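Colleague: this one's experimental. Sequence and coordinates below.
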Amino acid sequence: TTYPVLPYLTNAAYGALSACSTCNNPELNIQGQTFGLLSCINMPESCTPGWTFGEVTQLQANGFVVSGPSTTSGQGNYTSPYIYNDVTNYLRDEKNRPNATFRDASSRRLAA
Amino acid sequence: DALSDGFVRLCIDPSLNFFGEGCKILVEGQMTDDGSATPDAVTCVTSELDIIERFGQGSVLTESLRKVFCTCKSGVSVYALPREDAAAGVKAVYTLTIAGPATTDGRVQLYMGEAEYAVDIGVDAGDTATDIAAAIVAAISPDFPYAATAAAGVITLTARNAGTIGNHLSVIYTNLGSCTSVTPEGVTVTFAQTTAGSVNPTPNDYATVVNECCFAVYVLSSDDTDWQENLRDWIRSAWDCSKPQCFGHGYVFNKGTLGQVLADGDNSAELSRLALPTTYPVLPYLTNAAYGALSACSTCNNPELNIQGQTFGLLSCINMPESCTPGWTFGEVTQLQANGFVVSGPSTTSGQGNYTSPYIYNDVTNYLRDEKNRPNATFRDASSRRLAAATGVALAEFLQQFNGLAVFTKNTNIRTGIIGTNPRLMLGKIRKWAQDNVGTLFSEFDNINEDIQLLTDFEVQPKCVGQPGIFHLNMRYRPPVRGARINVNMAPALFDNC
Amino acid sequence: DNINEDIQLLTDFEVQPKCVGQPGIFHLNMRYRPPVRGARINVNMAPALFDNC
Amino acid sequence: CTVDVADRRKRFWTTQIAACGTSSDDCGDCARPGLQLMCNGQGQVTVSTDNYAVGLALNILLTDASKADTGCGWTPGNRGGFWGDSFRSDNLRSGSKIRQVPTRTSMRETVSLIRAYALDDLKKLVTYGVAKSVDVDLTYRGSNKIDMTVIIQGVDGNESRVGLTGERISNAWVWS
Amino acid sequence: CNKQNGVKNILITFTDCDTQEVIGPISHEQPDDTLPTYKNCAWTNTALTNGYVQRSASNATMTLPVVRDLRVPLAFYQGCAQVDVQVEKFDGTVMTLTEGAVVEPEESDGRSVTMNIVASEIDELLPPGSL
């Protein structure tokens, strides 16, 4: 709720990254400090990181992409956000059963 | 610049302090109402020139900060957490009675708190006690944590902060009842302690103030055991297995007689109690903050350095006059060493009077028993804790090359051209990293064959419950050992024979 | 930057549509950068009063 | 008498980082150093005199030294340096030469060259007797970006340690 | 099985010298039946007289005959790049070696290379159970 950056900016940055780094390599997940780094988005530093870890794992469970900071440097300067768990919103299968065949997006690009 | 000549173009970073910003130290304490800082909110302190206007003049925190700055000028960035005074706090009041009139000239010297707040005035013959007291109050340092007033030769020192932190001044070192070569003949003093301490702030809100903002050294400038237990609970939560860690360590003190000190301690493995005798000259939070800041700013990149000894564990910003009795008697010193209590003693043997400087022995944590009540010594040394943190960060940073790497279990036959690996190869690489850091992070080993285990999730969880890609790295290590225990058996031999 | 995909030499027989190319004609695509000069150093000067060898 | 323990030596004006404020140019934010004016209660401004060692390091890095003799020559007015070096007695030059690197391909070699030049120029801090172990940590290759954090190791104004290998810096009164 | 003397896996990680780009760990395959050979002890002895020994200093050595990967330049297998090697035999032993240095290059037709790698120390894994 207290996200500083305008939402559509980080959404479009994530979308472009995932399209300019995977289309020739449809196996790597947009994830981690090196790959899933949204360098064009800059947030101010802060110690209270929006989603508390409980909310973080709760969202990871219900097929949602979560984003955090990448430096948490107290109060010195801007920091770029960073995504965890490049997944899709595929909780349960078509019948009703839970399964993770289409959980992460790289499985989707790989199936295609 | 356009007027420039060459092509190499330097762009100086806006400001200095770069090499710090990785050693944050949080100093916590009370502040007066003069200050302009918002209470109950961590805020950094850059320099020493603006602590009086931010945290009030002569407060408790305004001097903890001063000792943290005096200890080491650079290398760390300090963050003050001011705490407002309690609602029903009653300031502790001391009375100091002076009796004259003087008959011969001389100097009057007093030592309240530490050496920075010492006072020294000149006294002529025929002066009345009222004039002596007026001069004393006119020369008392304004930063002294006691508002001083005078009336008819009686001086009243009222604690600037309401709470039990006003009851730790009971040993003033005068110059008036002796034969020193400067001695107003006919002047005597008396120490009174008329009023007493009060109720203390018990915030317990660390989660909201600082939650994911990791620090390195927490310093507490209060003696209320419940506040220390809240700080211990915070630092212990910071070392959990649930959320990603913000490793830290806290520095508190515990002043009183031997039984009281042994009673204030527990198995808190995250803190470092500082046992102080009943008659300590220095105000306790001052030496506590000096030790905390020295520990915080010498062990930034050297996490194995033990802060104990006359060189590495000296508190240079503290100056005490010696005493008849050595505070803690040797028996009590050993009793305190045993129950994980830090002890500080004077460095030089200088004799009564004769300023000195305390240093620290046994830089140890208050950890003596383990889980399931089985005694240990793993986290006794305060360096073992810092090395545990550093080992964790370094191992987790090394293991990053396996992120997204193709893993081949159940066939362990990576084809020609694939960039994969299998658990045996990962275990080999990790085991080499481990026996590579022997001497900087670990001791030699005991049996590296079964100390380090790498299992795949498919063989830990019950059948058809594991997930692909998950692993399990179980490691068992010992921090680098130091010293020995040689046993001499000296024996002469008059007879000879070769 | 990557000389493997910077220099391309294709034949006219595989650029034009089918039954449109001519024998002998080539197509050389090169992407280059003139020599770079200077740097952009970022100084981060900071003193250190404490000492721990 | 006993009061003595405080040197009567004072410090003159010192150049300071970001004294004149940053200068955004869409590539980043520079510092634009200069002289800091400290105000008083009643008018009466005064130049600041803090951070002496960093002041010398800025005076050294941000001033061009003499160029090397080439067959091409230099314009009479472009050959760098300071004429005031004709009068000093320590037999040295004034300034640095980081901006005189013979640029070349394979930016790793350029990084090593700039390291050598910066370290040779900053050693004058130790030679003057103001620091003891100045050192640089120039490490990057990027496209052209480079980070060059500098550490200026100092002392205090009272010899508090006995039995050192070296010899107290000659100007430990600036506090380094 | 665990009764077959032979090499099962060969992982090589190349580090470019002038760009520090890490490549790998690519698997690899043998050109013929000759196996890679090892030597771990750093100090090497030499006989002196009636029963004594003169001790010299040396490197942890490895000889690796491998088939060049068509995606990696040939010069990477001849001393123009840093290498990290990891060989796993069929009986469970795993020899890892990091920060190697191809010490003696030799002409190769373009397919089969014989790398002579020297390092500070070689690590050995010794199938479960060992004295």
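Modeller: Done, it's in. Residues are numbered from 1 along each chain as shown, chains lettered A, B, ... in the order given.
Colleague: could you measure from the residue of chain E positioned farthest from its centre over to residue E:44?
Modeller: Relative to the centre of chain E, the most outlying C-alpha is that of residue E:50, 36.2 Å out, by Cα atoms, centre = their mean. Distance of residue E:50 to residue E:44, computed by Cβ to Cβ, to the nearest Å: 20 Å. In short, each C-beta sits where N, CA and C put it, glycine included.
Colleague: what does residue E:24 give?
Modeller: Taking Cβ to Cβ, one finds residue E:24 at 31 Å from residue E:44.
Colleague: okay, these two: which has more neighbours?
Modeller: residue E:24 (17 against 12; other Cβ atoms under 10 Å in any protein chain shown).
Colleague: which residues touch that one?
Modeller: By Cβ atoms under 8 Å, 6 or more residues apart in numbering or on different chains, the contact list for residue E:24 reads B:419, E:11, E:12, E:13, E:14, E:84.
Colleague: rerun that using 7 Å as the cut-off
Modeller: Neighbouring residues of residue E:24 by Cβ atoms under 7 Å, 6 or more residues apart in numbering or on different chains: B:419, E:11, E:12, E:13, E:14.
Colleague: now, which of those lie within strands?
Modeller: Mapping the contacts of residue E:24 onto strands (DSSP state E) picks out E:11, E:12, E:13, E:14.
Colleague: so is residue E:115 in a helix, a strand, or just coil?
Modeller: Here residue E:115 is recorded as strand under DSSP: H, G, I helix; E, B strand; the rest coil.
Colleague: where do the strands of chain D begin and end?
Modeller: Counting by DSSP E, the strands of chain D are D:15-16, D:34-35, D:37-38, D:46-47, D:135-136, D:145-148, D:150-153.
Colleague: touching chain B at all, the last one?
Modeller: Yes. Part of strand D:150-153 sits near chain B under the criterion Cβ under 7 Å from any Cβ of the partner chain, namely residue D:151.
Colleague: buried sites along that strand?
Modeller: For strand D:150-153, the neighbour count (16 or more other Cβ atoms under 10 Å in any protein chain shown) marks D:150, D:151, D:152, D:153 as buried.
Colleague: over to stretch D:164-176?
Modeller: D:169, D:171, D:172, D:174, D:175, D:176.
Colleague: residue contacts, the third one?
Modeller: Contacts were defined as Cβ under 7 Å, 6+ apart; by that measure residue D:172 touches D:155, D:157.
Colleague: distance of residue A:78 from chain C?
Modeller: According to Cβ to the nearest Cβ, to the nearest Å, residue A:78 stands 16 Å off from chain C.
Colleague: ah, wrong one, I meant residue D:41
Modeller: From residue D:41 to chain C the distance is 30 Å (Cβ to the nearest Cβ).
Colleague: ok, the buried residues of stretch D:164-176 vs residue D:145, which is closest?
Modeller: residue D:176 (30.3 Å; Cβ to Cβ).
Colleague: my read is that the closest one contacts residue D:131, right?
Modeller: Yes. With contact defined as Cβ atoms under 7 Å, residue D:176 counts as touching residue D:131 (5.5 Å).
Colleague: which residues do these two both contact?
Modeller: Contacts common to residue D:176 and residue D:131, judged by Cβ under 7 Å, 6+ apart, are D:53, D:154.
Colleague: could you measure from the closest residue in space to residue D:159 that isn't next to it in sequence over to residue D:21?
Modeller: Excluding the flanking residues, the one nearest residue D:159 by Cβ to Cβ, 6 or more residues apart in numbering or on different chains is residue D:168, at 6.2 Å. Noted for residue D:168: a distance of 37 Å to residue D:21, by Cβ to Cβ.
Colleague: same check, this time on residue E:9
Modeller: Taking Cβ to Cβ, one finds residue E:9 at 60 Å from residue D:21.
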